[PDB]
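Quick look at my_file-v1.pdb (PDB, C-alpha atoms (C1' of nucleotides) and all ligand atoms):
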MODEL        1
ATOM      1  CA  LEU A 173     -43.366   0.990  -9.910  1.00  0.00           C
ATOM      2  CA  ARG A 174     -39.832  -0.320 -10.305  1.00  0.00           C
ATOM      3  CA  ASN A 175     -41.121  -3.920 -10.400  1.00  0.00           C
ATOM      4  CA  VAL A 176     -44.694  -5.025 -11.152  1.00  0.00           C
ATOM      5  CA  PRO A 177     -45.625  -8.712 -10.686  1.00  0.00           C
ATOM      6  CA  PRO A 178     -47.652 -10.461 -13.403  1.00  0.00           C
ATOM      7  CA  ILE A 179     -51.115  -8.949 -13.838  1.00  0.00           C
ATOM      8  CA  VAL A 180     -54.161 -11.236 -13.678  1.00  0.00           C
ATOM      9  CA  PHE A 181     -57.550  -9.849 -14.724  1.00  0.00           C
ATOM     10  CA  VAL A 182     -60.346 -11.292 -12.564  1.00  0.00           C
ATOM     11  CA  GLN A 183     -64.073 -10.807 -13.081  1.00  0.00           C
ATOM     12  CA  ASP A 184     -65.830  -8.990 -10.231  1.00  0.00           C
ATOM     13  CA  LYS A 185     -68.707 -11.313  -9.342  1.00  0.00           C
ATOM     14  CA  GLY A 186     -70.222  -9.276  -6.509  1.00  0.00           C
ATOM     15  CA  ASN A 187     -71.436  -6.325  -8.573  1.00  0.00           C
ATOM     16  CA  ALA A 188     -73.743  -8.508 -10.680  1.00  0.00           C
ATOM     17  CA  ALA A 189     -75.770  -9.427  -7.591  1.00  0.00           C
ATOM     18  CA  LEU A 190     -76.362  -5.757  -6.794  1.00  0.00           C
ATOM     19  CA  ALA A 191     -77.237  -5.059 -10.435  1.00  0.00           C
ATOM     20  CA  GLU A 192     -79.852  -7.827 -10.487  1.00  0.00           C
ATOM     21  CA  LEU A 193     -81.257  -6.727  -7.128  1.00  0.00           C
ATOM     22  CA  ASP A 194     -81.565  -3.177  -8.469  1.00  0.00           C
ATOM     23  CA  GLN A 195     -83.295  -4.283 -11.677  1.00  0.00           C
ATOM     24  CA  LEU A 196     -85.773  -6.165  -9.459  1.00  0.00           C
ATOM     25  CA  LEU A 197     -86.323  -3.413  -6.866  1.00  0.00           C
ATOM     26  CA  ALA A 198     -87.111  -1.100  -9.787  1.00  0.00           C
ATOM     27  CA  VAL A 199     -90.325  -2.981 -10.647  1.00  0.00           C
ATOM     28  CA  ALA A 200     -91.346  -4.163  -7.154  1.00  0.00           C
ATOM     29  CA  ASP A 201     -94.591  -3.205  -5.435  1.00  0.00           C
ATOM     30  CA  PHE A 202     -93.923  -2.217  -1.817  1.00  0.00           C
ATOM     31  CA  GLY A 203     -97.454  -1.274  -0.762  1.00  0.00           C
ATOM     32  CA  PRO A 204     -99.315   1.971  -0.135  1.00  0.00           C
ATOM     33  CA  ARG A 205     -96.818   4.797   0.474  1.00  0.00           C
ATOM     34  CA  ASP A 206     -94.472   2.499   2.404  1.00  0.00           C
TER      35      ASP A 206
ATOM     36  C1'   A B   1      56.834  16.298   0.503  1.00  0.00           C
ATOM     37  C1'   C B   2      62.141  14.772  -1.528  1.00  0.00           C
ATOM     38  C1'   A B   3      67.668  14.465  -3.195  1.00  0.00           C
ATOM     39  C1'   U B   4      74.762  12.176  -5.482  1.00  0.00           C
ATOM     40  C1'   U B   5      78.543  11.615  -1.912  1.00  0.00           C
ATOM     41  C1'   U B   6      83.251   9.249  -1.176  1.00  0.00           C
ATOM     42  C1'   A B   7      86.431   6.479  -4.262  1.00  0.00           C
ATOM     43  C1'   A B   8      89.097   4.840  -8.547  1.00  0.00           C
ATOM     44  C1'   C B   9      98.569   1.247  -8.797  1.00  0.00           C
ATOM     45  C1'   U B  10      92.829  -4.893  -9.255  1.00  0.00           C
ATOM     46  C1'   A B  11      87.778  -2.042  -7.744  1.00  0.00           C
ATOM     47  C1'   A B  12      84.451  -0.757  -4.338  1.00  0.00           C
ATOM     48  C1'   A B  13      81.649   1.626  -0.239  1.00  0.00           C
ATOM     49  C1'   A B  14      77.450   4.463   1.007  1.00  0.00           C
ATOM     50  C1'   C B  15      71.168   4.784   0.350  1.00  0.00           C
ATOM     51  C1'   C B  16      65.659   3.822   4.175  1.00  0.00           C
ATOM     52  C1'   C B  17      59.958  10.630   3.266  1.00  0.00           C
ATOM     53  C1'   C B  18      55.332  12.375   6.007  1.00  0.00           C
ATOM     54  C1'   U B  19      50.032  11.828   5.861  1.00  0.00           C
ATOM     55  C1'   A B  20      43.911   8.478   7.179  1.00  0.00           C
ATOM     56  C1'   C B  21      39.241   7.136  10.752  1.00  0.00           C
ATOM     57  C1'   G B  22      35.446  10.657  11.808  1.00  0.00           C
ATOM     58  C1'   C B  23      29.695  14.728  15.691  1.00  0.00           C
ATOM     59  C1'   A B  24      31.662  10.617   8.538  1.00  0.00           C
ATOM     60  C1'   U B  25      29.192   6.242   5.939  1.00  0.00           C
ATOM     61  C1'   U B  26      26.275   1.274   5.113  1.00  0.00           C
ATOM     62  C1'   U B  27      23.356  -2.351   6.739  1.00  0.00           C
ATOM     63  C1'   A B  28      21.586  -5.131  10.620  1.00  0.00           C
ATOM     64  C1'   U B  29      19.769  -6.444  15.922  1.00  0.00           C
ATOM     65  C1'   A B  30      17.110  -5.194  20.782  1.00  0.00           C
ATOM     66  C1'   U B  31      13.684  -2.393  22.960  1.00  0.00           C
ATOM     67  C1'   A B  32       8.090   1.501  24.515  1.00  0.00           C
ATOM     68  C1'   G B  33       3.820   1.703  21.673  1.00  0.00           C
ATOM     69  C1'   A B  34       0.396   1.030  17.598  1.00  0.00           C
ATOM     70  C1'   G B  35      -1.899  -2.008  13.737  1.00  0.00           C
ATOM     71  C1'   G B  36      -2.985  -5.966  10.519  1.00  0.00           C
ATOM     72  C1'   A B  37      -3.626 -11.263   8.160  1.00  0.00           C
ATOM     73  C1'   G B  38      -4.301 -16.329   9.346  1.00  0.00           C
ATOM     74  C1'   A B  39      -5.714 -20.578  12.580  1.00  0.00           C
ATOM     75  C1'   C B  40      -9.324 -22.236  16.301  1.00  0.00           C
ATOM     76  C1'   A B  41     -14.031 -21.233  17.635  1.00  0.00           C
ATOM     77  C1'   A B  42     -18.898 -20.672  16.425  1.00  0.00           C
ATOM     78  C1'   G B  43     -41.781  -3.290  -1.951  1.00  0.00           C
ATOM     79  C1'   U B  44     -37.388  -0.750  -3.443  1.00  0.00           C
ATOM     80  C1'   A B  45     -33.295  -6.793  -9.127  1.00  0.00           C
ATOM     81  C1'   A B  46     -28.013  -7.492  -9.111  1.00  0.00           C
ATOM     82  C1'   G B  47     -23.421  -4.947  -9.625  1.00  0.00           C
ATOM     83  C1'   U B  48     -18.900  -1.082 -11.131  1.00  0.00           C
ATOM     84  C1'   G B  49     -16.585   3.773 -10.089  1.00  0.00           C
ATOM     85  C1'   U B  50     -16.895   7.927  -7.101  1.00  0.00           C
ATOM     86  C1'   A B  51     -18.996  11.225  -3.240  1.00  0.00           C
ATOM     87  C1'   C B  52     -21.668  12.471   1.498  1.00  0.00           C
ATOM     88  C1'   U B  53     -24.063  10.730   6.243  1.00  0.00           C
ATOM     89  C1'   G B  54     -23.435   7.250  10.020  1.00  0.00           C
ATOM     90  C1'   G B  55     -19.837   4.462  15.695  1.00  0.00           C
ATOM     91  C1'   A B  56     -21.293   0.449  12.796  1.00  0.00           C
ATOM     92  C1'   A B  57     -24.909  -2.302  10.109  1.00  0.00           C
ATOM     93  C1'   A B  58     -25.907   0.235   5.957  1.00  0.00           C
ATOM     94  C1'   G B  59     -28.750   4.462   3.212  1.00  0.00           C
ATOM     95  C1'   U B  60     -28.750   8.135  -0.548  1.00  0.00           C
ATOM     96  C1'   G B  61     -26.935  11.162  -4.913  1.00  0.00           C
ATOM     97  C1'   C B  62     -24.472  11.025 -10.307  1.00  0.00           C
ATOM     98  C1'   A B  63     -22.897   8.153 -14.643  1.00  0.00           C
ATOM     99  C1'   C B  64     -22.242   3.132 -16.597  1.00  0.00           C
ATOM    100  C1'   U B  65     -23.264  -2.716 -17.258  1.00  0.00           C
ATOM    101  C1'   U B  66     -26.978  -7.163 -17.854  1.00  0.00           C
ATOM    102  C1'   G B  67     -23.659 -11.067 -15.626  1.00  0.00           C
ATOM    103  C1'   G B  68     -31.948  -9.313 -14.244  1.00  0.00           C
ATOM    104  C1'   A B  69     -37.758  -8.928 -15.202  1.00  0.00           C
ATOM    105  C1'   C B  70     -41.343  -6.982 -18.956  1.00  0.00           C
ATOM    106  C1'   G B  71     -46.766 -13.298 -20.781  1.00  0.00           C
TER     107        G B  71
HETATM  108 MG    MG C 301     -23.237   3.751  -4.734  1.00  0.00          MG
ENDMDL
END

What is this file in structure tokens?
Ligand SMILES: [Mg+2]
Amino acid sequence: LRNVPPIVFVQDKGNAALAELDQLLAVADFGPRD
RNA sequence: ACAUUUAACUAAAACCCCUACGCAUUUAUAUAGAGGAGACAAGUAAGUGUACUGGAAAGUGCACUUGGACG
């Protein structure tokens, strides 16, 4: 790009929620074949 | 281009040329028409030179500058 504005690095907060939900769904009991 | 006569027992008389200027030359004024300047009135950074496109506004190509940015 001919001109790039200042770059700010922001932490992506949303992905952590999905990661935690996945680490929980891994160990969950859902019932008999359902 | 153009030319020395009379007179002279004291001394005098006589004297007269033709060519230029124009459909030339210089500057100026008036006038058809055309065109300017001024006044009034109301994301691609920025430039220089040059070139093309476009009715314009502008866009793009090549080289150059920081009189920009890069915590
Ligand atoms: Mg140019």

Care to translate the PyMOL selection byres ((chain A) within 9 of (chain B)) into actual residues of this file, as an NGL selection string? :A and (173-176 or 178)

Spell out the residues picked by the PyMOL selection byres (((chain B and resi 63) around 12) and not hetatm) here, as a PyMOL selection string. chain B and resi 48-50+61-62+64-65

Coordinates of box centre and edge lengths for range 39-57 of chain B, 8 Å on every side, axis-aligned, as lines of an AutoDock Vina configuration file:
center_x = -23.7
center_y = -4.9
center_z = 3.3
size_x = 52.1
size_y = 50.7
size_z = 44.8

Nearest to ligand MG 301 (chain C) among B:52, B:15, B:40, B:24, with distances taken over all atoms listed in the file: which residue is it? B:52

What separation in Å, quoted to one decimal, exists between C1' of residue 19 in chain B and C1' of residue 2 in chain B? 14.5 Å

Could you check how far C1' of residue 35 in chain B sits from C1' of residue 55 in chain B, in Å to one decimal?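 These atoms are spaced 19.2 Å apart.
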
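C1' of residue 39 in chain B is found 29.7 Å from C1' of residue 58 in chain B.
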